[PDB]
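The listed protein sequences derive, respectively, from chains W and B.
At the far end of the first sequence sits residue 1573, using the numbering used here, and the numbering has no gaps.
At the far end of the second sequence sits residue 1573, using the numbering used here, and the numbering has no gaps.
Cβ atoms here follow ideal geometry from the backbone N, Cα and C, with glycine treated the same way.
Okay, so here's the structure we're looking at.
Protein chains: 2
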Amino acid sequence: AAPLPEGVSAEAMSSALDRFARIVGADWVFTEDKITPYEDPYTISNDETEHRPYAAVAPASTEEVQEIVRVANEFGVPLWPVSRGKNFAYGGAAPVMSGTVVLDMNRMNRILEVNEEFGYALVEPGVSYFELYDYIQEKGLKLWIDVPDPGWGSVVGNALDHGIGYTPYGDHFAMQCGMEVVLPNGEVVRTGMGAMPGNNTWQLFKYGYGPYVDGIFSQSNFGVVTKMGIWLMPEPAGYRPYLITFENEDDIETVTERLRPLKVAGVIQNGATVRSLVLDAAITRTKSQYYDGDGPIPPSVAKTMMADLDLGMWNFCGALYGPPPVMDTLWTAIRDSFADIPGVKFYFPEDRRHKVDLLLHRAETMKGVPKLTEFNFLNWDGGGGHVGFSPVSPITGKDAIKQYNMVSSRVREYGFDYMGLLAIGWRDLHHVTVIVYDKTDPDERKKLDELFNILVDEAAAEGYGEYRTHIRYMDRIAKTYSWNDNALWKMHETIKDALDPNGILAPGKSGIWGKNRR
Amino acid sequence: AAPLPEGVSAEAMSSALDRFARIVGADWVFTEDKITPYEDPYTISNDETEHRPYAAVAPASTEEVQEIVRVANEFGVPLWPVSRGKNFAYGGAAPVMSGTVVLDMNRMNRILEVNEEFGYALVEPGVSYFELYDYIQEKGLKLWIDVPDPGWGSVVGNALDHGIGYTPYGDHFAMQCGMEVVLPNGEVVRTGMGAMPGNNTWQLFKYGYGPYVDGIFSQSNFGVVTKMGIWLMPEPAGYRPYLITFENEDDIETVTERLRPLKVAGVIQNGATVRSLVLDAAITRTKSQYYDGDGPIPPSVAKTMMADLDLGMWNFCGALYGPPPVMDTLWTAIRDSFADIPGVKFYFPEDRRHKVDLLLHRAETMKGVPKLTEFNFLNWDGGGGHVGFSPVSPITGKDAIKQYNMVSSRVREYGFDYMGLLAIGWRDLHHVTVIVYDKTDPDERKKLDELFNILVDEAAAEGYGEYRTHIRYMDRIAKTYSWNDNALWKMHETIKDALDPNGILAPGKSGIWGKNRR
Ligand SMILES: Cc1cc2nc3c(=O)[nH]c(=O)nc-3n(C[C@H](O)[C@H](O)[C@H](O)COP(=O)(O)OP(=O)(O)OC[C@H]3O[C@@H](n4cnc5c(N)ncnc54)[C@H](O)[C@@H]3O)c2cc1C
Ligand SMILES: Cc1cc2nc3c(=O)[nH]c(=O)nc-3n(C[C@H](O)[C@H](O)[C@H](O)COP(=O)(O)OP(=O)(O)OC[C@H]3O[C@@H](n4cnc5c(N)ncnc54)[C@H](O)[C@@H]3O)c2cc1C
């Protein structure tokens, strides 16, 4: 059971837990044996009093949110907002600090608007990708949504954390437009056009007038987000998902070189993802099926996985969108960029001899379909937890191969398999490292923790920095953005002390602490 | 001559001007008769005491900028940052509050980088569209810029003020990525990946890590931007500008209905502008050759203006960009959207009998070429001054024609010709009123001011709010954004006090005043 947070007497807490009970009822304030679904499901720390929520209030309306926050102020008790708390690999529901009261907003799951003609939604935090998909399919509206894989999570929560998907609307927060925010002092505000009485333009024009501030409430503890609009892609006129595989590990250098101009110009219309053999193999197989050793898979077994599954060492999944004459012209350009590489194979779905297969699973994500497979890369090594390192780099052959060499060496030295991805949004490259681990074994937890810290250090040194991370590592990732003795984070703390003078919102989110605890 | 700001002695002001000239050098502080170019070129006020800058100071570098800002805190003297200060329809280089010192960053004009492979540029505030386009050409870089019409101003200032242009990169601040900011306390920060030392990714990935704050320094007085990256469209494989004209003034309703889907699915790849006959005639004609009288042009004349200029009542020019196969597909989808309207005509550039012409002139702008010509809204009625009203609205026929009617009637009622434009970014329609008028005449200035206030009130009362405005009206536009007793401006005022406690940056900007002056 979790301790109190330093500064909060037992009376103050228990008073506040009763005053929270007034505001939302006594059935929607959770303690004790009801608390554990909001623990980190993939624990990394071997000290068991870190990332431990004291309680979990669960309001149903914006107004409750406001009082909660006013009470939180009154008793000096900190809160930790989560839209749905399916933030797996990042801590799930749990706070950075022990003792903070989770503020859960599953209950505020009203899809407030879905406009077909203008291509947007207005949703509250609780709305899941599944819920929003379904409501669209039931009404037969000709709109796609843009989805993580698997499609756990909140439309809102995923976006606020700068999350990403697999269609042209892949940059979730880029597609955001208008939000309502409960400030730390209890007051509510609407950004953009939503600050105009009588507007019909909240989800039509991001800026509004004057300082553009939506972004400060993303990867932030500056407020609580109670509604958010997002743009949604009109159902296109055509769709052709594809896979391009490469034989050799070294091919990732030339592949990244070829990908650059296609991505910088928008020729490839969604995110480009080039995945290593084991990360894609892990969509349909486990390690035990290919190798019995405790260590990482040997060359000879890779060759066997590649022949068996018609994957490469590298595996480029992508999709063409819009009308057929357009899709034909983009294909011509993309295909001719890769054709002259020894060993390259190209595949549309109908060229896939297997009926369970990478491309058929990926095609669902690249058309906005939230799919919940019980078979992914978590199962690879018998099951457990995952963590991901996804730093930014320039889209260059040299930057890719370097990251690959650095990470695969270290990852394999520590006994894990290399599960890597090269991902391009538009002008950004991300070498994403996935490490699966047994989160019940304390010695493996030690290995992972250490390996992680070394990867951050070595990548920072090469100018590569993380954009999204686990609650455990939030302070560490803040420390990488250290230009001029932490000038940026000094400003954030200025803003934090002004909006939240009593430090009751998500203390330590993104490394932002507030004067009382700093 | 101009007065001291209230709360600022001449002892203070005089010692602060010494230090300034100690920092930058005596030759780069301006007073007396050298303030004349920092005056609003297009005056609206009859009160000769308002929007009058006490002095200017022209730093050579970011660090001189910091030095000045520190001096400004310690003597309570306020600063009005301008990049090149060419903000002509919005009060130009002058400040809301008289006595404010102009901080003129035009000497800070380095092109720090232009990168071809990654399509981007890093620029100081003084860099003009013309300097950047010329740099690019000198070096033979296959990049386009995105430019206003005409293109006299600042890549940075325009972008910070939510400027727009005529390519797919038409939304300037959208395309921005990374910036260096001198805060109101004199500390300097870098945003995004720029906060990480050794990064090569400042201009490739907006977010960095944690709260997204670039927006807070646009249309704001929260800091002074000293560096900014912007993304730059790579050279397309083909480019075809077009013009479509509409016979009847009522055509705009159904036209706006047809633009919606084409714009939302991105079939029209740049901003969609639909201009009124009179707006173009008054660039490349005179009033007296069509109608002799003192008042606004009668319906009679319109049919004559139309045949003379080979235009319509509404005139839509856009451009297709891509390999010819893709442009063809788009043209077909766009021509077929409008083919069935009575009176529609279709023009490519070589179909234009006139070589001084809207399409030919716009073909330059929609491929990112900045131009000055011998033309503008003068030599129509001996005007000189102009001001714009550009609120946001849904893309509907009903909304378009409704604002057409609302505005024209009122503009004509006040003696001005109706000069209008319907523009669509992505999901956002603006009906834009250009109001041309005599700067010199105090009788037309008065009427302009009564007319402007009405337009604001009436558009606001239907839920259409402005996104960009003249220094004179900043408070009024701000007060339309009033949901929940001006909650949003109450938050901005909070932030202003934390960052700028002495209130020395640009008091009034976007109606943001801060504690001392409220
Ligand atoms: C196997 C696997 C695959 C994954 N694949 C992807 C993928 O493809 N793409 C991807 O983007 N992610 C991916 N993830 C990460 C994660 O599981 C998803 O992003 C998930 O959909 C997001 O969780 P959520 O929506 O519940 O967010 P939440 O946990 O509800 O919110 C995220 C965080 O943001 C803040 N926050 C959220 N809502 C609010 C609010 N209303 N007000 C204030 N602060 C708030 C909090 O600090 C919160 O902890 C993957 C994870 C795993 C384990
Ligand atoms: C005939 C005519 C046509 C026009 N056409 C267009 C058009 O097509 N598109 C368009 O967008 N505009 C247009 N404009 C408006 C205007 O001329 C342009 O926006 C111009 O490019 C802006 O001048 P600038 O870049 O020098 O801005 P500046 O005056 O330098 O900056 C504008 C404002 O931004 C802020 N600012 C500037 N620099 C900084 C900084 N470093 N830090 C903090 N705040 C800062 C200040 O508040 C300043 O008042 C037109 C105007 C006229 C008169």
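Query	Result
Residue environment, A1516 (chain W), which counts as buried when at least 16 other CB atoms sit within 10 Å	exposed
Closer than 6 angstroms: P1223 (chain W) CB and nearest ligand 1 heavy atom	no
Neighbouring residues, chain B, relative to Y1522 (chain W) (Cβ below 8 angstroms)	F1260, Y1262, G1263, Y1264
C-beta neighbour in chain B for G1270 (chain W), strict 7 angstroms	yes
Reduced DSSP secondary structure (H/G/I, E/B, other) of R1077 (chain B)	helix
Range of the contiguous alpha helix (DSSP H) that encloses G1452 (chain B)	1452 to 1468
Neighbour list for residue 1055 (chain W) in chain B, Cβ cutoff strictly below 9 angstroms	The structure shown has nothing for residue 1055 (chain W), since chain W only spans 1056 to 1573.
C-beta atoms of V1491 (chain B) and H1441 (chain B) nearer than 7 angstroms	yes
Interfacial residues, the region 1478 to 1489 of chain W to chain B, with Cβ spacing under 7 angstroms	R1482, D1483
Spatial distance of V1329 (chain W) from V1268 (chain B) (CA atoms)	31 angstroms
Beta-carbon neighbours of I1567 (chain W), restricted to chain B and to distances below 9 angstroms	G1265, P1266
Buried/exposed call for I1509 (chain W), threshold 16 Cβ in 10 Å	exposed
The region 1244 to 1257 of chain B: positions lying closer than 8 angstroms to chain W by Cβ	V1244, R1245, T1246, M1248, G1249, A1250, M1251, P1252, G1253, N1254, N1255, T1256
Min CB distance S1273 (chain B) to chain W below 7 angstroms	yes
Backbone secondary structure at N1434 (chain B) - three-state DSSP	coil
The region 1273 to 1292 of chain W / the region 1248 to 1267 of chain B touching (three or more Cβ pairs under 8 angstroms)	yes
Interface positions of the region 1351 to 1380 of chain W facing chain B (Cβ-Cβ less than 8 angstroms), listed along the chain	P1378, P1380
Per DSSP, cross-strand counterpart(s) of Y1402 (chain W)	W:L1298
Limits of the alpha helix (DSSP H) - the one that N1557 (chain B) falls within	No alpha helix (DSSP H) contains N1557 (chain B), which DSSP labels as neither H nor E.
Neighbouring residues, chain B, relative to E1168 (chain W) (Cβ below 8 angstroms)	Those within 8 angstroms of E1168 (chain W) in chain B number zero; the least Cβ separation is about 13 angstroms.
Endpoints, alpha helix (DSSP H) assigned at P1316 (chain B)	1307 to 1319
Chain C residues whose Cβ lies nearer than 9 angstroms to that of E1242 (chain B)	The question asks about chain C, but that chain is absent: this structure's protein chains are W and B.
Chain W contacts from the region 1143 to 1175 of chain B (Cβ-Cβ distance under 9 angstroms)	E1172, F1173, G1174, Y1175
Cβ contact check for the region 1070 to 1086 of chain B and the region 1124 to 1137 of chain B: 3 or more pairs under 8 angstroms	yes
Cβ-heavy atom distance, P1203 (chain W) to ligand 1, below 6 angstroms	yes
Any 3 or more C-beta pairs closer than 8 angstroms across the region 1248 to 1260 of chain W and the region 1182 to 1191 of chain W	no
Chain-order list of residues whose beta-carbon lies under 7 angstroms from that of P1378 (chain W) (same chain, five-residue window excluded)	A1292, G1293
7 angstroms Cβ cutoff, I1532 (chain B) in contact with chain W	yes
Range of the contiguous alpha helix (DSSP H) that encloses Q1231 (chain B)	No alpha helix (DSSP H) contains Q1231 (chain B), which is instead part of the beta strand (DSSP E) from 1231 to 1237.
Three or more C-beta pairs below 8 angstroms linking the region 1302 to 1313 of chain W and the region 1310 to 1322 of chain B	no
Residues near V1487 (chain W) in its chain [Cβ-Cβ closer than 8 angstroms; skip 5 each side]	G1443, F1444, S1445, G1475, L1476, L1477, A1478
Anticipated Cβ contact below 8 angstroms, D1530 (chain W) with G1558 (chain W), distance rounded	That belief does not hold up - the Cβ atoms of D1530 (chain W) and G1558 (chain W) are roughly 15 angstroms apart, past 8 angstroms.
Same chain, Cβ closer than 6 angstroms to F1371 (chain B), neighbours up to 5 away in sequence not counted	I1299, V1329
Cβ distance (whole Å) where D1552 (chain W) is taken to contact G1563 (chain W) below 8 angstroms	With a Cβ gap of about 15 angstroms, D1552 (chain W) and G1563 (chain W) do not count as contacting.
Chain-ordered neighbours of residue 1052 (chain B) on chain W, where CB pairs are closer than 7 angstroms	Missing from the structure shown is residue 1052 (chain B); chain B here goes from 1056 to 1573 and no further.
Bridge-paired residues (DSSP) for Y1376 (chain W)	W:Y1294
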